[PDB]
Amino acid sequence: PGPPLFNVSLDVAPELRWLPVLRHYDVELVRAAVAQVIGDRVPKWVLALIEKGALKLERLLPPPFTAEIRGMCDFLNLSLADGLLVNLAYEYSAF
Amino acid sequence: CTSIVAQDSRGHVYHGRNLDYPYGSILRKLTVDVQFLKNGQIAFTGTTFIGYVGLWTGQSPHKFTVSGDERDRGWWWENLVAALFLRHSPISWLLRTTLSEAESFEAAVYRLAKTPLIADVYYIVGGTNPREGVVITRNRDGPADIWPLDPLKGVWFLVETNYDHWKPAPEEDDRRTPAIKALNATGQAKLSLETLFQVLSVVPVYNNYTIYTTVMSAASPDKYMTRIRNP
Ligand SMILES: CC(C)(C)CC(C)(C)c1ccc(OCCOCCO)cc1
Ligand SMILES: CC(C)(C)CC(C)(C)c1ccc(OCCOCCO)cc1
Ligand SMILES: *[C@@H]1O[C@H](CO)[C@@H](O)[C@H](O)[C@H]1NC(C)=O
Ligand SMILES: *[C@@H]1O[C@H](CO)[C@@H](O)[C@H](O)[C@H]1NC(C)=O
Ligand SMILES: [Cl-]
Ligand SMILES: [Cl-]
Ligand SMILES: [Cl-]
Ligand SMILES: [Cl-]
Ligand SMILES: [Cl-]
Ligand SMILES: [Cl-]
Ligand SMILES: [Cl-]
Ligand SMILES: [Cl-]
Ligand SMILES: [Cl-]
Ligand SMILES: [Cl-]
Ligand SMILES: [Cl-]
Ligand SMILES: [Cl-]
């Protein structure tokens with residue numbers, strides 16, 4: 001069996017292509033899960049610094065990188081700062 | 001994490017990997033295989049967690065297979081300057097960009113080696129033809145070392161954990177030796193996806209933090225196999 005298998009058509013706009021997958025997942029499990037990876041390792045002011053500057057930060061990252069994250073955070077009702085914090089989690093602590 | 005690219009006696013190339021990470025009880029429920037379609041046809045396959053758009057394990061069918069392992073070098077402020085002032089690329093994203101745009105094992109190894117990054121990483125690439133296997137040790141601005149397969153010289157497998165291969169793995173975390181030990185004994189004649197999975201199923205290569213194990217072969221895409229690990 002292995003883990004679930006999904007399809008993601010790159011022929012759909014970046015913000016929409018990941019959403020058919022999220023239908024199969026409890027919007028709470030995902031969201032509550034993030035808070036555990038976030039709350040325990042990053043102070044809020046960092047999260048606030050990001051949130052305040054998140055909309056200028058995403059201007060730098062590749063367009064398709066952020067666009068896909070933005071769409072997932074709107075569908076899931078996550079803060080975009082929480083979104084960029086988990087996708088750049090490796091780049092945040094690799095040194 | 002542990003990535004292994006290896007070649008068998010018949011000329012086939014196999015790629016397998018492990019992914020270790022805390023918060024396992026969560027990520028195991030969110031781990032999925034994803035097939036990224038272009039024009040309805042599969043363009044590549046990857047293993048990721050819901051919410052993560054980058055790939056740390058992928059397969060471009062009939063071209064190559066790539067995986068990534070963490071390399072912790074530099075200073076904390078290097079990642080900051082590189083990401084914001086220099087606009088380098090994230091690791092997991094470059095890996096995914098390559099799986100989609102690279103036209104050959106050679107082309108992929110070029111992109112994964114020369115494209116600037118926010119932080120260092122180990123890129124492990126496998127191919128569809130014999131001897132196509134490398135371990136790209138990445139500096140932020142370029143490649144620090146490329147480690148190629150050489151079966152005729154006796155090197156039929158490359159084992160990469162999270163440490164440079166020209167130095168010995170630390171005593172605290174030496175998952176390289178038991179991985180080499182199990183491969184030395186498996187023999188280039190017995191190597192296959194089934195056997196390479198049992199190599200990665202060895203302790204401490206298969207430890208408490210392992211989340212999933214993937215074994216793949218670029219020339220046998222339908223055999224892409226991921227298995228969630230519940231230790
Ligand atoms: C409906 C949401 C909230 C899930 C996602 C958002 C608002 C970000 C959205 C909504 C619509 C959207 O349009 C994409 C279709 O474009 C085709 C060619 O460009 C892109 C994004
Ligand atoms: C905005 C981020 C954090 C998401 C990503 C980037 C890559 C820019 C980053 C990543 C890492 C980083 O290091 C800061 C560590 O702080 C130590 C305080 O003494 C700073 C920035
Ligand atoms: C993914 O796309 C292929 C294209 O033919 C389709 O056959 C397959 O059913 C899709 N995957 C899932 C899980 O539906
Ligand atoms: C969705 O997010 C909005 C804005 O933060 C909030 O007011 C609302 O309560 C949230 N709803 C759910 C179901 O999370
Ligand atoms: Cl559906
Ligand atoms: Cl599910
Ligand atoms: Cl259904
Ligand atoms: Cl502030
Ligand atoms: Cl892409
Ligand atoms: Cl190319
Ligand atoms: Cl050969
Ligand atoms: Cl550097
Ligand atoms: Cl630099
Ligand atoms: Cl190593
Ligand atoms: Cl099995
Ligand atoms: Cl198991």
# chains A, B, ... in the order shown; residues from 1 in each chain; ligands from 1
$ residues_near_ligand --ligand "ligand 4" --cutoff "12 Å" --atoms "only C-alpha atoms and all ligand atoms" --output "PDB file with C-alpha atoms, in the first residue's frame"
ATOM      1  CA  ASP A  26      -8.789  17.442   8.192  1.00  0.00           C
ATOM      2  CA  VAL A  27      -8.208  21.205   8.052  1.00  0.00           C
ATOM      3  CA  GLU A  28      -7.718  20.935  11.812  1.00  0.00           C
ATOM      4  CA  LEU A  29      -5.062  18.199  11.871  1.00  0.00           C
ATOM      5  CA  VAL A  30      -2.922  20.181   9.426  1.00  0.00           C
ATOM      6  CA  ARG A  31      -3.445  23.527  11.163  1.00  0.00           C
ATOM      7  CA  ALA A  32      -3.057  22.166  14.696  1.00  0.00           C
ATOM      8  CA  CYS A  73      -2.939  28.931   3.538  1.00  0.00           C
ATOM      9  CA  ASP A  74      -6.118  30.624   2.298  1.00  0.00           C
ATOM     10  CA  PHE A  75      -7.924  27.308   1.802  1.00  0.00           C
ATOM     11  CA  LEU A  76      -6.707  25.974   5.161  1.00  0.00           C
ATOM     12  CA  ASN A  77      -7.137  29.395   6.827  1.00  0.00           C
ATOM     13  CA  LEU A  78      -3.478  29.537   7.879  1.00  0.00           C
ATOM     14  CA  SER A  79      -1.435  32.693   8.265  1.00  0.00           C
ATOM     15  CA  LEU A  80       0.934  33.149   5.343  1.00  0.00           C
TER      16      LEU A  80
END
$ residues_around --residues "residue 41 in chain A" --least-positions-apart "5" --cutoff "12 Å" --atoms "only C-alpha atoms" --output "number ranges by chain"
A: 34-36, 46-47, 85-86, 89, 92-93; B: 23
$ residues_around --residues "range 79-95 of chain B" --least-positions-apart "3" --cutoff "10 Å" --atoms "only C-alpha atoms" --output "PyMOL selection string"
(chain A and resi 57-62+64-65+87-95) or (chain B and resi 48+52-58+66-70+74-76+98-100+108+111-112+115-123+140-141)
$ interface_residues --of "chain B" --to "chain A" --cutoff "6 Å" --atoms "only C-alpha atoms" --output "ChimeraX atom specification"
/B:32-38,52,72-76,226-227
$ select_by_dssp --residues "chain A" --states "strand (DSSP E or B)" --output "number ranges by chain"
A: 5-9
$ atom_distance --atom1 "CA of residue 199 in chain B" --atom2 "CA of residue 168 in chain B"
20.2 Å
$ select_by_dssp --residues "range 50-220 of chain B" --states "alpha helix (DSSP H)" --output "mmCIF file with C-alpha atoms, in the first residue's frame"
data_model
loop_
_atom_site.group_PDB
_atom_site.id
_atom_site.type_symbol
_atom_site.label_atom_id
_atom_site.label_comp_id
_atom_site.auth_asym_id
_atom_site.auth_seq_id
_atom_site.Cartn_x
_atom_site.Cartn_y
_atom_site.Cartn_z
ATOM 1 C CA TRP B 76 23.367 31.686 10.631
ATOM 2 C CA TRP B 77 23.623 35.041 8.847
ATOM 3 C CA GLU B 78 24.797 33.434 5.594
ATOM 4 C CA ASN B 79 21.325 32.006 4.978
ATOM 5 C CA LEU B 80 19.799 35.421 5.683
ATOM 6 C CA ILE B 91 16.956 23.527 -1.329
ATOM 7 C CA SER B 92 13.675 21.618 -1.595
ATOM 8 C CA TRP B 93 12.520 23.955 -4.372
ATOM 9 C CA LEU B 94 15.618 23.620 -6.562
ATOM 10 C CA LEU B 95 15.311 19.849 -6.213
ATOM 11 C CA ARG B 96 11.734 20.104 -7.481
ATOM 12 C CA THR B 97 12.569 22.607 -10.225
ATOM 13 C CA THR B 98 15.264 20.245 -11.513
ATOM 14 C CA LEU B 99 12.957 17.215 -11.520
ATOM 15 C CA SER B 100 10.634 19.195 -13.811
ATOM 16 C CA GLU B 101 13.009 21.049 -16.157
ATOM 17 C CA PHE B 105 20.938 12.927 -15.757
ATOM 18 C CA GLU B 106 23.855 15.065 -16.929
ATOM 19 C CA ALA B 107 21.696 18.193 -17.100
ATOM 20 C CA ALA B 108 20.225 17.545 -13.648
ATOM 21 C CA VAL B 109 23.656 17.052 -12.070
ATOM 22 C CA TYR B 110 24.639 20.394 -13.606
ATOM 23 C CA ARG B 111 21.670 22.303 -12.175
ATOM 24 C CA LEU B 112 21.874 20.715 -8.721
ATOM 25 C CA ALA B 113 25.600 21.547 -8.539
ATOM 26 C CA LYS B 114 25.907 25.097 -9.910
ATOM 27 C CA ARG B 176 27.486 5.326 7.385
ATOM 28 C CA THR B 177 29.376 2.273 8.665
ATOM 29 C CA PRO B 178 26.333 0.010 9.265
ATOM 30 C CA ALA B 179 25.018 1.123 5.872
ATOM 31 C CA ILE B 180 28.335 0.300 4.200
ATOM 32 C CA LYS B 181 28.581 -2.866 6.301
ATOM 33 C CA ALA B 182 25.188 -4.088 5.084
ATOM 34 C CA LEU B 183 26.039 -3.166 1.484
ATOM 35 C CA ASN B 184 29.492 -4.773 1.610
ATOM 36 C CA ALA B 185 27.717 -7.996 2.600
ATOM 37 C CA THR B 186 24.706 -7.699 0.280
ATOM 38 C CA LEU B 193 15.069 -2.509 -4.709
ATOM 39 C CA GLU B 194 13.910 -5.266 -2.354
ATOM 40 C CA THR B 195 17.418 -5.727 -0.954
ATOM 41 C CA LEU B 196 18.271 -2.018 -0.915
ATOM 42 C CA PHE B 197 15.164 -1.493 1.215
ATOM 43 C CA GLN B 198 16.439 -4.038 3.744
ATOM 44 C CA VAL B 199 19.758 -2.166 3.801
ATOM 45 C CA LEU B 200 17.979 1.022 4.879
#
$ residues_near_ligand --ligand "ligand 11" --cutoff "12 Å" --atoms "only C-alpha atoms and all ligand atoms" --output "short mmCIF file (atom, residue, chain, number, x, y, z; two decimals) with N, CA, C and O atoms, in the first residue's frame"
data_model
loop_
_atom_site.label_atom_id
_atom_site.label_comp_id
_atom_site.auth_asym_id
_atom_site.auth_seq_id
_atom_site.Cartn_x
_atom_site.Cartn_y
_atom_site.Cartn_z
N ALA B 6 23.49 3.10 -5.91
CA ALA B 6 24.32 1.92 -6.08
C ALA B 6 24.00 1.25 -7.40
O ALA B 6 22.90 1.40 -7.95
N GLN B 7 24.97 0.50 -7.91
CA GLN B 7 24.85 -0.21 -9.17
C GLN B 7 25.03 -1.71 -8.93
O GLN B 7 25.81 -2.12 -8.07
N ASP B 8 24.31 -2.51 -9.70
CA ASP B 8 24.34 -3.96 -9.55
C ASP B 8 25.22 -4.58 -10.64
O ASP B 8 25.78 -3.89 -11.49
N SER B 9 25.34 -5.90 -10.60
CA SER B 9 26.24 -6.60 -11.51
C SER B 9 25.77 -6.50 -12.96
O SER B 9 26.59 -6.54 -13.88
N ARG B 10 24.47 -6.36 -13.18
CA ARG B 10 23.91 -6.35 -14.53
C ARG B 10 23.87 -4.96 -15.15
O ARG B 10 23.37 -4.82 -16.27
N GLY B 11 24.39 -3.95 -14.46
CA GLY B 11 24.45 -2.60 -15.00
C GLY B 11 23.33 -1.68 -14.56
O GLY B 11 23.31 -0.52 -14.99
N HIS B 12 22.40 -2.15 -13.73
CA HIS B 12 21.28 -1.33 -13.30
C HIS B 12 21.69 -0.42 -12.15
O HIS B 12 22.56 -0.75 -11.34
N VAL B 13 21.05 0.75 -12.08
CA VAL B 13 21.32 1.75 -11.06
C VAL B 13 20.09 1.88 -10.17
O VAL B 13 18.97 2.05 -10.68
N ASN B 129 21.54 4.89 -16.98
CA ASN B 129 22.62 4.17 -17.61
C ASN B 129 23.69 3.82 -16.58
O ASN B 129 23.80 4.50 -15.55
N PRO B 130 24.49 2.79 -16.82
CA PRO B 130 25.49 2.39 -15.83
C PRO B 130 26.45 3.53 -15.49
O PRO B 130 26.71 4.41 -16.31
N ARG B 131 26.95 3.49 -14.26
CA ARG B 131 27.91 4.45 -13.71
C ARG B 131 27.31 5.84 -13.51
O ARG B 131 28.04 6.75 -13.10
N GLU B 132 26.02 6.04 -13.78
CA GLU B 132 25.38 7.33 -13.56
C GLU B 132 24.93 7.39 -12.10
O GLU B 132 23.85 6.94 -11.74
N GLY B 133 25.80 7.95 -11.26
CA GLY B 133 25.52 8.13 -9.86
C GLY B 133 26.53 9.05 -9.22
O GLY B 133 27.74 8.82 -9.33
N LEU B 149 30.29 7.44 -9.05
CA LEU B 149 30.38 5.99 -9.02
C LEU B 149 31.54 5.52 -9.88
O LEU B 149 31.88 6.13 -10.90
N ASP B 150 32.15 4.42 -9.46
CA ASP B 150 33.27 3.82 -10.19
C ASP B 150 33.26 2.32 -9.94
O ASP B 150 34.05 1.80 -9.15
N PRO B 151 32.36 1.59 -10.60
CA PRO B 151 32.28 0.14 -10.35
C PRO B 151 33.54 -0.61 -10.72
O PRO B 151 33.96 -1.52 -9.99
N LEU B 152 34.17 -0.26 -11.85
CA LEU B 152 35.38 -0.96 -12.26
C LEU B 152 36.52 -0.76 -11.27
O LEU B 152 37.42 -1.60 -11.21
N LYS B 153 36.49 0.31 -10.49
CA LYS B 153 37.48 0.52 -9.43
C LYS B 153 37.03 -0.05 -8.10
O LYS B 153 37.72 0.13 -7.09
N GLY B 154 35.89 -0.74 -8.06
CA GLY B 154 35.40 -1.35 -6.84
C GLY B 154 34.38 -0.55 -6.08
O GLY B 154 33.85 -1.04 -5.08
N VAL B 155 34.08 0.68 -6.51
CA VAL B 155 33.08 1.52 -5.85
C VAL B 155 31.80 1.37 -6.65
O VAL B 155 31.59 2.04 -7.66
N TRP B 156 30.93 0.46 -6.20
CA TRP B 156 29.64 0.24 -6.85
C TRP B 156 28.49 0.84 -6.06
O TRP B 156 27.33 0.64 -6.44
N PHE B 157 28.76 1.57 -4.98
CA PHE B 157 27.71 2.22 -4.22
C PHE B 157 28.28 3.45 -3.53
O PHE B 157 29.44 3.48 -3.13
N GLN B 188 27.24 -6.80 -4.85
CA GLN B 188 26.76 -6.18 -6.08
C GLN B 188 25.92 -7.14 -6.92
O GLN B 188 25.22 -6.69 -7.84
#
$ atom_distance --atom1 "CA of residue 166 in chain B" --atom2 "CA of residue 148 in chain B"
12.9 Å
$ decode --residues "range 140-166 of chain B" --atoms "N, CA and C atoms" --output "compact mmCIF listing (two decimals), in the first residue's frame"
# COMPACT_ATOMS: atom_id res chain seq x y z
N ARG B 140 27.16 27.07 -0.73
CA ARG B 140 26.06 27.95 -1.08
C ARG B 140 26.22 28.51 -2.49
N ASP B 141 27.45 28.84 -2.88
CA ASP B 141 27.70 29.47 -4.17
C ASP B 141 28.05 28.48 -5.27
N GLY B 142 28.31 27.22 -4.93
CA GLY B 142 28.67 26.23 -5.92
C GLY B 142 28.99 24.89 -5.31
N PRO B 143 29.48 23.96 -6.13
CA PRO B 143 29.76 22.60 -5.63
C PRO B 143 31.08 22.56 -4.88
N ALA B 144 31.06 21.94 -3.70
CA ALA B 144 32.27 21.73 -2.92
C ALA B 144 32.99 20.45 -3.29
N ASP B 145 32.27 19.49 -3.88
CA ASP B 145 32.85 18.23 -4.30
C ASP B 145 31.80 17.38 -4.99
N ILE B 146 32.19 16.66 -6.04
CA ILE B 146 31.32 15.70 -6.70
C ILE B 146 31.95 14.33 -6.55
N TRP B 147 31.15 13.35 -6.14
CA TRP B 147 31.63 12.02 -5.77
C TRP B 147 31.02 11.00 -6.72
N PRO B 148 31.77 10.51 -7.72
CA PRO B 148 31.14 9.69 -8.76
C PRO B 148 31.25 8.20 -8.52
N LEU B 149 30.29 7.44 -9.05
CA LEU B 149 30.38 5.99 -9.02
C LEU B 149 31.54 5.52 -9.88
N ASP B 150 32.15 4.42 -9.46
CA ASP B 150 33.27 3.82 -10.19
C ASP B 150 33.26 2.32 -9.94
N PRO B 151 32.36 1.59 -10.60
CA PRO B 151 32.28 0.14 -10.35
C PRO B 151 33.54 -0.61 -10.72
N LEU B 152 34.17 -0.26 -11.85
CA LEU B 152 35.38 -0.96 -12.26
C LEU B 152 36.52 -0.76 -11.27
N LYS B 153 36.49 0.31 -10.49
CA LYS B 153 37.48 0.52 -9.43
C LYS B 153 37.03 -0.05 -8.10
N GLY B 154 35.89 -0.74 -8.06
CA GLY B 154 35.40 -1.35 -6.84
C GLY B 154 34.38 -0.55 -6.08
N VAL B 155 34.08 0.68 -6.51
CA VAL B 155 33.08 1.52 -5.85
C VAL B 155 31.80 1.37 -6.65
N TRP B 156 30.93 0.46 -6.20
CA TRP B 156 29.64 0.24 -6.85
C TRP B 156 28.49 0.84 -6.06
N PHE B 157 28.76 1.57 -4.98
CA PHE B 157 27.71 2.22 -4.22
C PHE B 157 28.28 3.45 -3.53
N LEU B 158 27.42 4.46 -3.38
CA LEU B 158 27.74 5.67 -2.64
C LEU B 158 26.76 5.81 -1.49
N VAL B 159 27.29 5.98 -0.28
CA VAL B 159 26.49 6.14 0.92
C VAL B 159 26.74 7.53 1.48
N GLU B 160 25.68 8.31 1.62
CA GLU B 160 25.76 9.66 2.17
C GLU B 160 24.74 9.79 3.29
N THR B 161 25.20 10.27 4.45
CA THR B 161 24.31 10.53 5.58
C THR B 161 24.21 12.04 5.72
N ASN B 162 24.96 12.67 6.63
CA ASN B 162 24.92 14.12 6.79
C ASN B 162 26.32 14.68 7.02
N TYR B 163 27.35 13.98 6.54
CA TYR B 163 28.73 14.38 6.77
C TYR B 163 29.53 14.18 5.49
N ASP B 164 30.54 15.03 5.30
CA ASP B 164 31.38 14.95 4.12
C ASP B 164 32.06 13.59 4.05
N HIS B 165 32.11 13.01 2.85
CA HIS B 165 32.57 11.64 2.70
C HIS B 165 34.08 11.50 2.78
N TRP B 166 34.83 12.58 2.58
CA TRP B 166 36.28 12.54 2.74
C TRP B 166 36.71 12.71 4.19
